[PDB]
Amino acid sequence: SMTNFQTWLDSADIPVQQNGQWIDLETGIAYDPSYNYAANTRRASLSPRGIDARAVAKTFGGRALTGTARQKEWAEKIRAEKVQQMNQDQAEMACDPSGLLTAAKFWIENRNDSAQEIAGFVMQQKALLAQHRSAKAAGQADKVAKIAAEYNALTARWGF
């Protein structure tokens, strides 16, 4: 009872999933990483993998992590190593000084997870919040309940 995906995997060497496009399902228009939405200009990207541990997180908007000095040293190293494997949008979302990942505890306790998993977690969290705002504005109580259940499950799975 072999599935098609499993057959392909068994045939493959380095099977990975590319990052899917982010789409507003209301308009069908994708998120454009090459476009600055705030300032209405084309957007350049520094690649995080060529930036050292001292500068990478702050280069993408981050501030110091919170916690004890031990925790802070260790987690700054961990976060730098993770963010160096991200693209610019992933890095900006993970490094958000008002985001979910500002404590040293998160980076210490999730230090073996892939950078892709961490970045996808935080980006899906914020996207769910956007969906929740939109559903709550349009009534749609069932959508609100579904989104809230998914959000709580996702954040609880990551230890929040």
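Residue indices: 1-based, along the sequence shown.
Look at the mean CA B-factor for 88 to 96 and for 25 to 33 in the entry; the higher one is 25 to 33. When the mean C-alpha temperature factors of 106 to 114 and 36 to 44 are read from the deposited coordinates, 36 to 44 comes out higher. The residue among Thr59, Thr68, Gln124, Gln131 whose C-alpha atom has the highest B-factor in the PDB entry is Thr68.
Per the PDB record, residue ranking by Cα B-factor puts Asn152 in the lowest third of the chain. Remark: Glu76 belongs to the middle third of its chain, ranked by C-alpha B-factor as recorded. Remark: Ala53 belongs to the middle third of its chain, ranked by C-alpha B-factor as recorded.
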